[PDB]
Each structure stands twice: as structure tokens, then as C-alpha cells.
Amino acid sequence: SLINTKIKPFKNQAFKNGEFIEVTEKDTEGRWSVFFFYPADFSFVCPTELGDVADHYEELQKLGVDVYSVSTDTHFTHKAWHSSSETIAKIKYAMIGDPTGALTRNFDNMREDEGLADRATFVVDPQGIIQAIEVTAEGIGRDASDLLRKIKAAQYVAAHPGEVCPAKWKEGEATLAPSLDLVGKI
């Protein structure tokens, strides 16, 4: 997988809150980012997943986390979808269009026989490093509560070097402090 690699440069158009904008890797520097890939606008599982993320978007911004949804549809199409679907209408984050497939291929996430991105989510830290990856099959929707838990764990590890977040970790739970003495003790 791409875990612990740096994201690649990119330049894409996007729809965001009634405007077209250009997003590049420069916009992700010094920020936590979620790249949220999905296969197709006007599809079935895709809107429900996007809406799930939109519900959590206030909480994400409070954590200093930006969201970029990505499909290989155009930004024109995202705009159209945003106004015709009640679910998509509530999205306030950037919807990136990736018709060249370049951004999707940067994340090695193309279904080459379809020209559509797989259901993959990448959590990316302020230095561009991928810290968490989730990929599901066409028929299996993701769950934003799991994303948030991973983001919080990722942020904690970043802010507390010498500590690691064990399984199931939530804020307030105990952490492990790697050391020679701890080796084989757990």
C-alpha cells in the first residue's frame, strides 16, 4: 500500500460552495487532509458515503482537517450533482474532478477497466504523509465514524512522539510508550 509515502503533486479543478476552484498539493501543505475517492456521480452508494462525511464536516474543520472528495467525473458534473441531489447539496467541502485520472493514479486507485476510482480514503498529515488507508468493494459503503477515530489517533501520535495509540484507542484512553523494557511484556 501507499502507507507512509508522501502524496504526489497534482492540479485539479473542483466544485466548492458554488464556486469552481483549483486545488493543488500546495493547498494541502501544513494541513490534515482526507482524500475521499468514489467511483461515480449520480451513483448509489457514493452519495450516502459523501453525505456521511458531510455530516461530520463541522467536526473535521475543528480538527483542522480538510476534505477533498475525488471522482473521475468533471467538476461541471459535481456542480450539477450538488444542485440535483438533496444529499450532495449539503456538501461544503471541495469536490474534485479528475477526468485525466492523474490524481486517482497518484493514489494508485484507478479501476483501469472502468475509468472510475475505487472506494478509497486516505488520511494525509501536514507533511504530505499518508497515515491511514481504507478501501472497500463497490457494494460496501464506508463509515465516517471510523475515519474520525483514525484521524484523532493520527493527530495524537503526531503530537506525542514516543507514544503510540494501541488498538481501539479513543481520546482519554491509555497509550503505549515504546521502550526496551516494554518489549514482550504486553
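Note that residue numbering begins at 1 and tracks the sequence as displayed.
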Between 35 to 43 and 153 to 161, point out the one with the higher average CA B-factor as the PDB entry records it.
153 to 161
Do the CA atoms of 130 to 138 or those of 144 to 152 have the higher mean B-factor in the entry?
144 to 152
Highest Cα B-factor in the deposition, which of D98, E86, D113, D108?
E86
Which of these has the highest Cα B-factor in the record: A117, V67, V123, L63?
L63
Looking at the entry's B-factor column for C-alpha atoms only, identify whether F10 ranks in the lowest, middle or highest third of its chain.
lowest
The third of the chain into which the C-alpha temperature factor of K90 falls is the highest
